[PDB]
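Asks: Line by line, the protein sequences give chains A and B.
Positions 68 to 109, 119 to 480 (the deposited numbering) are the ones given, in order, by the first sequence.
Positions 67 to 106, 119 to 480 (the deposited numbering) are the ones given, in order, by the second sequence.
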Amino acid sequence: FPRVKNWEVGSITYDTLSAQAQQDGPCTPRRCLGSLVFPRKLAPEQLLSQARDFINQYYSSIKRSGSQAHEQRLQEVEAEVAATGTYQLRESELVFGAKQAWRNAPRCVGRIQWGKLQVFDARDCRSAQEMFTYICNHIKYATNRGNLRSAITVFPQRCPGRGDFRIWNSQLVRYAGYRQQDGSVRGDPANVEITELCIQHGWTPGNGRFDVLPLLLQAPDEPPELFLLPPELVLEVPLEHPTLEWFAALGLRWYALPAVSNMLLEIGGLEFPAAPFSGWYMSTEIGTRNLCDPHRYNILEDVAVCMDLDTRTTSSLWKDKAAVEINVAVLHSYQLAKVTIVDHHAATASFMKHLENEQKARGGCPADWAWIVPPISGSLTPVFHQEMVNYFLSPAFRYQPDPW
Amino acid sequence: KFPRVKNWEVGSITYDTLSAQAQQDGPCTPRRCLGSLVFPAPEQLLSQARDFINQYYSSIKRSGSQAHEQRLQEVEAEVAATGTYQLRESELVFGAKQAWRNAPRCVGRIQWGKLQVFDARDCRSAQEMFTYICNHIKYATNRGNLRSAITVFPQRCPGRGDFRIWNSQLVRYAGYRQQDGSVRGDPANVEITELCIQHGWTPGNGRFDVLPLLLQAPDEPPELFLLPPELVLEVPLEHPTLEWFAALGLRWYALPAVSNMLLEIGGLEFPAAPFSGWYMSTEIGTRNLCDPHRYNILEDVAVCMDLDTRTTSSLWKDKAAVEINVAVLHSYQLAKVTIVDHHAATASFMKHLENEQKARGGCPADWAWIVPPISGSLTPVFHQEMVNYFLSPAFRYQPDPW
Ligand code: HEM
Ligand code: HEM
Ligand SMILES: CNCc1cc(C#N)cc(OCc2ccc3ccc(N)nc3c2)c1
Ligand SMILES: CNCc1cc(C#N)cc(OCc2ccc3ccc(N)nc3c2)c1
Ligand SMILES: C[C@H](O)[C@H](O)[C@H]1CNc2nc(N)[nH]c(=O)c2N1
Ligand SMILES: C[C@H](O)[C@H](O)[C@H]1CNc2nc(N)[nH]c(=O)c2N1
Ligand SMILES: [Gd]
Ligand SMILES: [Gd]
Ligand SMILES: [Zn+2]
């Protein structure tokens with residue numbers, strides 16, 4: 068059982084939860100690959125085994141292991157797989173399953189909220205048209221006029237012997253990236269292939285730097301159909317700085333609802349390829365990674381010129397001065413627009429609170445150090461001086477190949 | 067199936083073939099990663127010696143020669159005879175450099191080829207130890223123009239105790255325990271400070287009192303030595319445009335000289351082998367000055383900067399931090415003492431990775447240590463996937479002699 072020390076406080080805990088780790092990770096005794104983003108890849121005998129452990133995990137959660145309901149529910153799932161080769165989750169289980177996947181997510185610093193999650197059940201969906209309507213309800217509910225509310229939306233489980241539900245966009249809201257004559261990119265360079273795929277499937281492109289893409293939605297064994305998001309459903313925050321008046325004139329924007337839509341959800345050996353979830357942004361996500369990554373909006377230098385910083389030399393720490401005010405601008409703008417946002421300090425301190433909670437409840441917490449530590453001011457946050465143990469528990473969110 | 071490694075800012079992809087030759091195991095398994103943890119015979123000694131001798135004779139492009147083969151014979155012959163063997167002067171120099179080269183948590187390794195190796199394997203007492211250490215400090219410091227060096231003392235050997243330096247660095251500041259639980263000076267050195275006093279040292283009452291050295295010769299208690307004040311070069315910390323900052327009375331020392339690690343070469347162990355380079359400014363400004371368990375000046379500074387300290391969203395911590403780092407860099411440049419910022423550091427380390435991929439087919443690197451403790455994703459090492467593993471020769475941690 069791994070020993071884990073917090074070097075800021077001196078405290079020691081033992082991670083007994085690691086012992087119950089399902090799938091094997093990329094690391095081996097002879098090399099650590101903990102920093103890789105995607106490592107490696109991407119029978120009723122087995123499906124039943126994953127179903128059973130999940131069921132047990134459910135009744136355990138609700139004080140009812142060994143009960144009448146438990147025994148009955150175990151026999152029910154078995155009979156179903158025997159007859160059909162798959163089984164169906166009771167709604168309550170689905171809810172639990174979604175919450176556990178969020179809880180078990182090693183890279184998510186926001187898991188203090190893991191218990192508070194709205195779950196929309198779209199397993200009865202089977203057209204691409206109102207797969208889109210299902211998405212619109214989500215975006216509407218979760219945006220909630222800017223008082224953001226965590227939610228997930230579960231579409232039908234994959235069936236062998238006819239195709240998957242997929243959402244071709246990686247987020248429900250993303251900005252267009254237009255390949256240029258230079259080879260350069262106007263807009264967001266992260267979203268270039270999806271901008272490409274949008275045009276080829278019919279979308280008439282825009283002109284600017286912040287054009288919200290159209291959703292590419294695919295129902296089983298059909299080709300993806302393009303829909304447009306009603307502009308009044310896509311809430312955006314114009315970026316302004318509380319003291320640097322020129323900042324607004326840069327015309328930067330970002331959207332309110334971070335909603336990841338290209339990850340597969342797995343519960344008890346059932347696999348859900350289309351299941352968009354959303355919470356709310358940590359300002360460092362927008363202000364540092366999105367706006368300041370050299371391969372993203374890459375604005376850093378522009379902001380520095382505006383601040384009249386010494387960009388002649390790295391040791392002015394101009395990159396650092398400018399990054400901070402960009403982050404300041406994000407938090408200020410979002411607060412002014414009454415949109416829920418959390419700063420990297422508030423966020424990391426609650427995650428500490430979460431580690432302590434998780435200790436008492438499950439004897440540890442799977443946590444990926446590199447993803448929990450913010451991309452600015454790392455050691456100024458408490459999670460930096462905290463030893464972490466990364467491992468895989470199920471239910472989970474897993475990456476998947478892109479449908480094309 | 068060697069590991070596939072990607073740079074995510076550029077799109078470069080390489081395969082770390084070097085990693086397959088990892089000599090030892092780390093803390094990780096397929097079940098769980100433990101990569102963020104801080105602290106994770120003759121046949122056996124021979125096979126390491128054999129591998130190191132092969133390393134050396136390849137670097138001097140003489141692999142498979144008969145100088146190469148005969149060296150193996152006499153190593154195996156000297157292990158048979160006396161249960162051990164001695165490094166040639168030349169091999170010692172190769173081995174110390176490689177150790178730096180193989181150290182996964184060092185961002186400064188572009189410089190690995192330029193390392194001054196001082197051979198003190200004939201040292202005989204703590205007094206001589208002191209003399210050797212002073213000359214290191216004078217050579218490495220160089221009136222501000224810092225130079226990389228390592229002084230290698232006698233290897234571990236049977237029938238005789240170790241040479242040990244009890245301090246974790248040649249230059250550290252005392253931390254005096256007050257009975258508020260409060261600490262005057264650097265709190266990370268509370269332990270070394272009372273050890274010193276227990277071995278007959280008259281303490282101070284300042285926040286920056288340079289500690290004496292506690293040096294251990296075989297089968298001998300440690301012996302106290304005071305560093306001549308004119309040898310410990312320090313830098314008063316002021317800020318280019320925050321004039322009140324100077325009034326904090328803050329300083330830091332020129333020369334970062336780690337002295338408690340074990341240098342292992344070809345199976346031989348050197349428990350006392352102090353090495354040094356020059357500072358990366360984040361070590362000083364972010365970790366040593368801002369860690370809550372270190373000097374912890376962050377809020378004092380923010381309050382003087384008139385920052386709003388009652389809410390986290392004002393990002394007071396981040397601003398005050400950046401300014402402490404500006405003040406460090408500015409003071410060191412002002413005082414003409416070598417120092418590197420974290421953008422230049424990580425930049426040159428990117429080059430090192432490139433050199434190393436061409437040279438040995440990869441490089442061990444501890445991501446969580448290579449990324450600066452401020453402004454991570456602002457630097458190029460953040461977006462670079464890395465493979466962490468253990469090669470020999472190496473610097474290893476080792477227990478405190480007390
Ligand atoms: C409610 C507020 C939330 C905050 C502030 C938050 C914060 C974050 C952040 C900053 C990341 C790192 C993302 C990146 O750097 O690319 C992350 C990752 C992640 N989040 Fe959360 N999150 C929240 C809610 C949620 C919800 C509602 C879910 C799903 C139910 C979720 C599941 C995940 C998963 C699975 C990852 C890992 C993604 C990956 O491996 O790339 N989080 N979260
Ligand atoms: C010349 C300029 C150098 C720079 C700028 C530099 C930079 C750094 C930094 C910032 C660290 C991490 C420190 C920490 O956070 O604890 C480090 C670690 C390390 N360095 Fe370097 N270094 C330099 C020279 C050297 C030399 C000359 C050697 C040995 C000959 C060396 C060996 C090591 C080792 C073994 C570690 C890991 C320490 C640990 O794991 O606790 N470095 N270096
Ligand atoms: C690997 N980096 C790119 C990336 C790819 C994928 C996929 N597939 C998901 C990703 O998820 C990021 C994420 C996930 C959930 C979040 C919930 C809330 C929030 N504020 N940010 C959140 C950010 C990121
Ligand atoms: C793992 N715990 C922290 C730690 C432990 C030890 C030991 N023993 C040494 C340490 O020193 C780090 C180090 C080593 C060499 C350096 C060379 C130059 C420089 N600027 N910093 C440098 C910093 C740190
Ligand atoms: C190579 C490196 O692992 C990669 O850039 C990671 C580092 N840590 C991260 N952490 C978060 N939260 N998000 C990221 O995209 C990344 N990228
Ligand atoms: C727990 C964690 O590994 C520990 O605090 C590490 C994190 N990364 C680090 N990185 C560097 N360069 N130096 C450090 O001291 C640390 N501390
Ligand atoms: Gd101006
Ligand atoms: Gd001033
Ligand atoms: Zn690992």
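Using N, Cα and C, we set each Cβ at its ideal position, and we do this for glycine too.
Across the region 462-473 of chain A and the region 87-105 of chain A, are there enough close Cβ pairs to call them in contact, namely three or more that are closer than 8 Å?
Replies: yes
Asks: Starting from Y467(B), follow its DSSP beta bridges and name the residues at the other end.
Replies: Answer by DSSP bridge pairing: none, since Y467(B) is not bridged.
Asks: State the beta-bridge partners of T95(A) as determined by DSSP.
Replies: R98(A)
Asks: Cα-Cα, which of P318(B), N283(B), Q276(B), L315(B) is closest to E301(B)?
Replies: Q276(B)
Asks: Give a yes or no on whether the C-beta atoms belonging to residue 117(A) and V153(A) are separated by under 8 Å.
Replies: Note on chain A: numbering goes from 109 to 119 directly, and residue 117(A) within that interval has no coordinates.
Asks: So, at 6 Å on beta carbons, what are the nonlocal neighbours of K72(B) in its own chain, with the 5 sequence-adjacent residues on each side left out?
Replies: Taken in chain order, the residues that qualify are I79, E463.
Asks: Verify the CB distance criterion: does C99(B) have a CB-CB separation below 8 Å to chain A?
Replies: yes
Asks: Where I452(B) and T360(B) are concerned, what is the direct C-alpha to C-alpha distance, given to the nearest angstrom?
Replies: Each residue's alpha carbon lies about 7 Å from the other.
Asks: Three-state secondary structure (DSSP) at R107(A)?
Replies: coil
Asks: Please state if the CB of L376(B) and the CB of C382(B) are separated by a distance shorter than 8 Å.
Replies: No, the Cβ-Cβ distance between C382(B) and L376(B) is not below 8 Å.
Asks: What I want to know is whether the C-beta of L320(B) ends up closer than 7 Å to one or more non-hydrogen atoms of ligand 8.
Replies: yes
Asks: Going along the chain, which unbroken runs of the beta strand (DSSP E) with 3 or more residues stay wholly within the region 167-248 of chain B?
Replies: 194-197, 227-230
Asks: Give the straight-line distance between the Cα atoms of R285(A) and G439(B), rounded to the nearest whole angstrom.
Replies: 41 Å
Asks: Do we get a CB-CB distance below 8 Å when we pair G92(B) with the residues of chain A?
Replies: yes
Asks: Where does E298(A) sit, in a helix, a strand or coil, going by DSSP?
Replies: coil
Asks: Taking C-beta to C-beta, are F105(A) and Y475(A) nearer than 8 Å?
Replies: yes
Asks: Chain B partners of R365(A), CB-CB under 7 Å?
Replies: Simply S455.
Asks: Counting only beta-carbon separations shorter than 8 Å, does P69(A) have a partner in chain B?
Replies: For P69(A), the nearest CB of chain B lies under 8 Å from its own CB, placing it at the interface with that chain.
Asks: If you scan the region 393-466 of chain B from start to end, which runs of the alpha helix (DSSP H) of 4 or more residues do you find wholly inside it?
Replies: Runs found: 394-412, 420-438, 445-448.
Asks: For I138(A), is the classification buried or exposed, using 16 other Cβ atoms within 10 angstroms of its Cβ as the cut-off for buried?
Replies: exposed
Asks: So, with DSSP's three-state summary, where would you put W322(B)?
Replies: helix
Asks: Kindly identify the DSSP beta-bridge partner or partners of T80(A).
Replies: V71(A)
Asks: Just curious, the beta strand (DSSP E) that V288(A) is in, first and last residue?
Replies: Unbroken run through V288(A): none, as it is neither H nor E.
Asks: Taking contact to mean 3 or more Cβ pairs, one atom from each stretch, closer than 8 Å, check whether the region 428-448 of chain B and the region 304-313 of chain B are in contact.
Replies: Touching, no.
Asks: Could you work out which residues of chain A lie near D369(B), taking near to mean beta carbons separated by less than 8 Å?
Replies: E75, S455, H461
Asks: Less than 6 Å between C-beta atoms, sequence neighbours within five positions excluded: which residues of the same chain meet that for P477(A)?
Replies: Excluding sequence neighbours, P477(A) sits near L109.
Asks: Considering only the beta carbon of each residue, do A335(A) and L289(A) sit closer than 8 Å?
Replies: no
Asks: What are the boundary residues of the alpha helix (DSSP H) that includes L340(A)?
Replies: Looking at the DSSP string, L340(A) is not in any alpha helix (DSSP H); the run it does join, the beta strand (DSSP E), is 340-343.
Asks: Assuming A423(A) and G237(A) are in contact, meaning their beta carbons sit under 8 Å apart, how far apart are those beta carbons, in whole angstroms?
Replies: No, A423(A) and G237(A) are not in contact; Cβ-Cβ is about 44 Å, not under 8 Å.
Asks: Excluding five sequence neighbours on each side, which residues of the same chain lie with their C-beta closer than 7 Å to the C-beta of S392(A)?
Replies: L385, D386
Asks: Determine the chain B residues that contact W445(A) at a beta-carbon separation under 8 Å, and present them in chain order.
Replies: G101, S102, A446
Asks: Against chain B, with Cβ distances strictly below 8 Å, would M428(A) count as a contact?
Replies: no
Asks: Could you check what DSSP says for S354(B) in three-state terms: helix, strand or coil?
Replies: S354(B) carries a strand assignment under DSSP once its states are collapsed to helix, strand and coil.
Asks: From the DSSP secondary-structure annotation, give me the bridge partner or partners of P314(A).
Replies: According to the DSSP secondary-structure assignment, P314(A) is paired through a beta bridge with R329(A).
Asks: What are the residues that DSSP puts in a beta bridge with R365(B)?
Replies: In the DSSP output, where bridge partners are listed per residue, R365(B) has none listed.
Asks: How about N213(A): is its C-beta nearer than 8 Å to some C-beta of chain B?
Replies: no
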